[PDB]
Structures are given as C-alpha cells and as structure tokens.
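What follows is a short report on a single structure.
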Amino acid sequence: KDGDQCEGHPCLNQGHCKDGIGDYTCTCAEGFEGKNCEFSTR
Ligand SMILES: [O-]
C-alpha cells in the first residue's frame, strides 16, 4: 500500500478519484462539478 490518495472518500456525489504523486484528481460524473464534483449542474 503506497498511495491511493482516495482514502476517506474525498470526492462527493459518486465522484470517482484517480491517483497522483501529489493529490489525486476528482472526476465528476456527468452532471456534477465543483471542487469535489460537488455540484449538480442540473
Ligand atoms: O494514481
């Protein structure tokens, strides 16, 4: 276990989360955005 940076469910609204050497990145599902994939555009 080295670095999944996805510990502690960080993204919101079923936002997926990849990995990186400095903070992961959030991927909002179609219809969400915001710093956390928080916001439902609709
Ligand atoms: O990653």
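Letters for chains follow the order of the structure tokens (A, B, ...), residue numbers begin at 1 for each chain, and ligand numbers begin at 1 in the order shown.
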
Excluding same-chain residues fewer than 2 positions from residue 23 (chain A), what lies within 9 Å of it counting only C-alpha atoms, as JSON, numbers by chain?
{"A": [5, 6, 19, 20, 21, 25]}

Store the residues of this selection in a file with N, CA and C atoms, as a compact mmCIF listing (two decimals), in the first residue's frame.
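And here's result_20.txt as it stands now:
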# COMPACT_ATOMS: atom_id res chain seq x y z
N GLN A 5 -4.41 7.87 -2.29
CA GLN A 5 -4.92 9.22 -2.23
C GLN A 5 -6.46 9.21 -2.31
N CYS A 6 -7.04 8.00 -2.28
CA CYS A 6 -8.53 8.03 -2.30
C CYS A 6 -9.02 7.57 -0.93
N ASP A 19 -5.34 8.77 -9.16
CA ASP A 19 -4.23 8.86 -8.19
C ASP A 19 -3.11 9.76 -8.78
N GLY A 20 -2.23 10.25 -7.88
CA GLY A 20 -1.12 11.02 -8.46
C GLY A 20 -0.03 11.24 -7.40
N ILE A 21 1.06 11.82 -7.89
CA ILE A 21 2.18 11.99 -6.94
C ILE A 21 2.02 13.31 -6.24
N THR A 25 -7.02 13.13 -8.37
CA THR A 25 -7.85 14.12 -9.09
C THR A 25 -9.29 13.65 -9.10

Non-local contacts of residue 12 (chain A) (6 Å; only C-alpha atoms; under 5 positions in same chain excluded) as a ChimeraX atom specification
/A:36-38

Need the shell around residue 34 (chain A): protein/DNA/RNA residues with any atom at most 12 Å away, counting only C-alpha atoms. Skip same-chain ones fewer than 5 positions apart. Format as a ChimeraX atom specification?
/A:11-13,15,26-29,39-41

Go ahead and write the residues just picked, N, CA, C and O atoms, as a PDB file, in the first residue's frame.
ATOM      1  N   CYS A  11     -13.939  12.616  -2.905  1.00  0.00           N
ATOM      2  CA  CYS A  11     -14.842  13.281  -3.841  1.00  0.00           C
ATOM      3  C   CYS A  11     -16.302  13.060  -3.422  1.00  0.00           C
ATOM      4  O   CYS A  11     -16.650  12.046  -2.855  1.00  0.00           O
ATOM      5  N   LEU A  12     -17.123  14.024  -3.791  1.00  0.00           N
ATOM      6  CA  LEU A  12     -18.531  13.850  -3.402  1.00  0.00           C
ATOM      7  C   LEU A  12     -19.363  13.364  -4.594  1.00  0.00           C
ATOM      8  O   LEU A  12     -18.908  13.383  -5.736  1.00  0.00           O
ATOM      9  N   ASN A  13     -20.632  13.049  -4.287  1.00  0.00           N
ATOM     10  CA  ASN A  13     -21.560  12.664  -5.438  1.00  0.00           C
ATOM     11  C   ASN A  13     -20.909  11.644  -6.370  1.00  0.00           C
ATOM     12  O   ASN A  13     -20.713  11.907  -7.571  1.00  0.00           O
ATOM     13  N   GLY A  15     -18.324  10.910  -7.084  1.00  0.00           N
ATOM     14  CA  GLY A  15     -17.231  11.281  -7.950  1.00  0.00           C
ATOM     15  C   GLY A  15     -16.095  10.294  -7.807  1.00  0.00           C
ATOM     16  O   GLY A  15     -15.637   9.946  -6.728  1.00  0.00           O
ATOM     17  N   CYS A  26     -10.205  14.619  -8.994  1.00  0.00           N
ATOM     18  CA  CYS A  26     -11.632  14.157  -8.912  1.00  0.00           C
ATOM     19  C   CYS A  26     -12.235  14.057 -10.321  1.00  0.00           C
ATOM     20  O   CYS A  26     -11.988  14.923 -11.162  1.00  0.00           O
ATOM     21  N   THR A  27     -13.085  13.064 -10.510  1.00  0.00           N
ATOM     22  CA  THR A  27     -13.762  13.003 -11.833  1.00  0.00           C
ATOM     23  C   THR A  27     -15.279  13.017 -11.598  1.00  0.00           C
ATOM     24  O   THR A  27     -15.819  12.077 -11.000  1.00  0.00           O
ATOM     25  N   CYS A  28     -15.899  14.145 -11.928  1.00  0.00           N
ATOM     26  CA  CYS A  28     -17.359  14.218 -11.575  1.00  0.00           C
ATOM     27  C   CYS A  28     -18.180  13.448 -12.612  1.00  0.00           C
ATOM     28  O   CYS A  28     -17.948  13.557 -13.815  1.00  0.00           O
ATOM     29  N   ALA A  29     -19.202  12.750 -12.131  1.00  0.00           N
ATOM     30  CA  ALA A  29     -19.980  12.056 -13.100  1.00  0.00           C
ATOM     31  C   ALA A  29     -20.728  13.067 -13.973  1.00  0.00           C
ATOM     32  O   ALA A  29     -20.779  14.255 -13.655  1.00  0.00           O
ATOM     33  N   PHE A  39     -21.234  19.825  -7.387  1.00  0.00           N
ATOM     34  CA  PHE A  39     -22.455  20.475  -7.622  1.00  0.00           C
ATOM     35  C   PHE A  39     -23.219  19.898  -8.775  1.00  0.00           C
ATOM     36  O   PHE A  39     -22.713  19.684  -9.883  1.00  0.00           O
ATOM     37  N   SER A  40     -24.524  19.693  -8.543  1.00  0.00           N
ATOM     38  CA  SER A  40     -25.290  19.148  -9.665  1.00  0.00           C
ATOM     39  C   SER A  40     -25.631  20.276 -10.660  1.00  0.00           C
ATOM     40  O   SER A  40     -26.384  21.197 -10.345  1.00  0.00           O
ATOM     41  N   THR A  41     -24.931  20.265 -11.790  1.00  0.00           N
ATOM     42  CA  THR A  41     -25.247  21.333 -12.766  1.00  0.00           C
ATOM     43  C   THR A  41     -26.774  21.474 -12.948  1.00  0.00           C
ATOM     44  O   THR A  41     -27.309  22.596 -12.998  1.00  0.00           O
TER      45      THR A  41
END

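Taking CA of residue 1 (chain A) and CA of residue 18 (chain A) as endpoints, the distance between them is 15.0 Å.
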
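Considering only region 3-42 of chain A, backbone DSSP assigns strand (DSSP E or B) to residues 16, 17, 26, 27, 33 and 39 of chain A.
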
Any chance you can output those residues with C-alpha atoms as a PDB file, in the first residue's frame?
ATOM      1  CA  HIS A  16     -14.548   8.933  -8.909  1.00  0.00           C
ATOM      2  CA  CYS A  17     -10.968   9.605  -7.923  1.00  0.00           C
ATOM      3  CA  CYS A  26     -11.632  14.157  -8.912  1.00  0.00           C
ATOM      4  CA  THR A  27     -13.762  13.003 -11.833  1.00  0.00           C
ATOM      5  CA  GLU A  33     -18.841  19.583 -10.699  1.00  0.00           C
ATOM      6  CA  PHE A  39     -22.455  20.475  -7.622  1.00  0.00           C
TER       7      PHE A  39
END

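Minimum distance to ligand 1 across A:9, A:30, A:35, A:4 (counting only C-alpha atoms and all ligand atoms) occurs at A:4.
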